[PDB]
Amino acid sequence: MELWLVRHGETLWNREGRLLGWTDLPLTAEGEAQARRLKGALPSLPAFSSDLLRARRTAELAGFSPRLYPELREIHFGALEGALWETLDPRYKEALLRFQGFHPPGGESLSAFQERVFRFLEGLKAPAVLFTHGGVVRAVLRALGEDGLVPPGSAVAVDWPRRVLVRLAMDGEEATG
């Protein structure tokens, strides 16, 4: 079934490389711009959003009035909230890269995280737009056999539970050398 997964716009931490889970950080100015670029571009389907500020704001700027669902939140990183990827315990770094067998100390296990995400998707009865987080999008895409590495402010449409249909603003920042 057609589901749109939108990764909310950039936050300071997304830019600096610090883990962001339940910390309620706001969108940067550019993050808001990324959300505004989605208005009129995404289909006018029922919208559901993570209840975290950055997700709600992305939905709003994109022109939707979503109902708020905690099940769409990013994984709770616990003690890892705000931790720099640089100095992260190698064990957690490797766990996150493979996106498997990982339980952030003090937070949610990756298994409980993915369970609430997939359970939420199974409750959908018609095409919809989901304003959520990087970890949620990655979980969904990985289940479909794809790496699930999308940039902030991007949207991906999938034929759940089969394959990707569309990639919006998926390409990264242009590179100069």
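Note that residue numbering follows the sequence shown and begins at 1.
Taking the mean of the C-alpha B-factors per stretch from the entry, tell me the winner out of 120-128 and 37-45. Per the deposited B-factors, the answer is 120-128.
Averaging C-alpha B-factors over each stretch, which comes out higher, 111-119 or 140-148? Averaged over C-alpha atoms, the B-factors run higher in 140-148.
So if I compare the CA B-factors in the entry for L72, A83, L97, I75, which one is the largest? The record points to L97.
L19 by Cα B-factor - lowest, middle or highest third of the modelled chain: It belongs to the middle third of the chain when residues are ordered by C-alpha B-factor.
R67's Cα B-factor: lowest, middle or highest third of the chain? Within its chain, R67 is a highest-third residue by C-alpha B-factor, going by the deposited values.
Record-listed C-alpha B factor of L165: chain third: Its C-alpha B-factor belongs to the middle third of this chain's values.
Where the record places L3 (Cα B-factor, split into thirds across the chain): Middle third - that is where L3 ends up once the chain's C-alpha B-factors are sorted.
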